[PDB]
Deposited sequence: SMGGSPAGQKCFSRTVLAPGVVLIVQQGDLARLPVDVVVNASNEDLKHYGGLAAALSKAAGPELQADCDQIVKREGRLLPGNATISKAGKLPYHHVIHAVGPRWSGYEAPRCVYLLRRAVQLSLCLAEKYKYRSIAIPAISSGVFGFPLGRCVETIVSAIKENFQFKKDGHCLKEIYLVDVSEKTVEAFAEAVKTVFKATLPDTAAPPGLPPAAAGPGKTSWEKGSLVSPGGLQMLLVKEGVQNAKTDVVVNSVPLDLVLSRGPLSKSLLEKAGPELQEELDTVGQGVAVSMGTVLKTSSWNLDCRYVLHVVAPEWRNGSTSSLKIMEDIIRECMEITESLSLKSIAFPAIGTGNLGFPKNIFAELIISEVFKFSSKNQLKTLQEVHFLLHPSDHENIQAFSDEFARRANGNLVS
């Protein structure tokens, strides 16, 4: 029973509909899951029953191979006896009123990651439930608004190269469907955190940063001449930047998440923190958590050094393949989370340094600054 159909873009329709996820005319469905991909409750239990034991069995193997998932994650499995070849498992957050904006961030991310997986498998149609609104306690209104916003951003941020043509928003309950239909109706340069830490969008080369600390993205072997970000810093710094990094790196088993500190030489800052950022890897649990850990660590270092400001470029969004909107939203959320749960003595400003030519990054950050400021 269809409640509304809304044309998003040429060839793309959003359909709000009462129905059962186990039985819909789509290529793939998104299951509302948990960290262990264990389908003991809610919609997941109904899906699992209709699928038979293959679904849980393949999920157990995925968790065994890649480890447990975290909130705001998604993965894909086999579908057993469902009328689909795969099921996408979204892990929404467990709701807390004390952490509402972070929960919003994590639900949105699980949806964005699920869409990405669908587009990677070239699917044309997907059904999506009110993830987190059952056992995980997310207030129904905010939940559906968040899911619908994620979908709008999916087609609005990058308009090119989408395979998806039908998106179904579904639940067995008439009340949840009406919430979805209402959400659809409604949806279609400086920030400051509660603790006082301020975020600035700065449109220039990171080699022109005038913060205490500047963040660089480097590969495993610490060579600074290979990515356009490090190369820009190396050219403005002088070759002693390379020699000092190699020196401070001696004896380090460098890996994803390694952060090494050097002086600035010809740069206008006091220190450079060189980070080894993860590959996107289809938005894996590790890729997202490690990037967040890196961002938190650079801030903690700046605080521990009694300094006031740090400049981040859009690390991970070139060679390493992080979608730029997803990254911007990740670093912004992380800065709010850290700022909110910590009493900072000296750290007061975070600058996002975006290259003048990088219009996609500028739009990513501007869009999120706008959502946050409203």
Would you list the gaps, meaning deposited-sequence stretches without C-alpha coordinates, in the order they occur?
-> 1-9, 198-224, 411-415
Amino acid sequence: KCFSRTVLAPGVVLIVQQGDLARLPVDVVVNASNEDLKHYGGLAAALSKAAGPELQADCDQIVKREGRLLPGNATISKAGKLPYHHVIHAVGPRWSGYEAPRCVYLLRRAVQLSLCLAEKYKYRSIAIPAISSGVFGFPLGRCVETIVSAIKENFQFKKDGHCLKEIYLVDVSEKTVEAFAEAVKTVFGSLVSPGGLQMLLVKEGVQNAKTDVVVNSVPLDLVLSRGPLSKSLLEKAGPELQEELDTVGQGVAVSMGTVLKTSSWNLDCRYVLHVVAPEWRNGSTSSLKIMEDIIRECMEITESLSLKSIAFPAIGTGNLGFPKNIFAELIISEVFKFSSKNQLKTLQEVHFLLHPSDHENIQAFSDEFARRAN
From here on, numbers count along this sequence of modelled residues.
Mind pulling up the entry and telling me whether 104-112 or 217-225 has the higher mean Cα temperature factor?
-> 217-225
Check the entry's C-alpha temperature factors for 273-281 and 197-205, then say which stretch has the higher mean.
-> 197-205
Candidate set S125, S232, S287, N73 [ranked by C-alpha B-factor, highest] | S232
Based on the PDB entry, the highest CA temperature factor among the options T211, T146, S132, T262 is that of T211
Using the B-factor values recorded in the entry, state whether the Cα atom of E243 falls in the lowest, middle or highest third among the modelled residues of its chain.
-> highest
Among the modelled residues of its chain, the C-alpha B-factor of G42 falls in the third labelled highest
For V26, the third of its chain by CA B-factor is the lowest
Split the chain's modelled residues into thirds by Cα B-factor; is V252 in the lowest, middle or highest one?
-> middle
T346: CA B-factor among chain residues, third -> highest
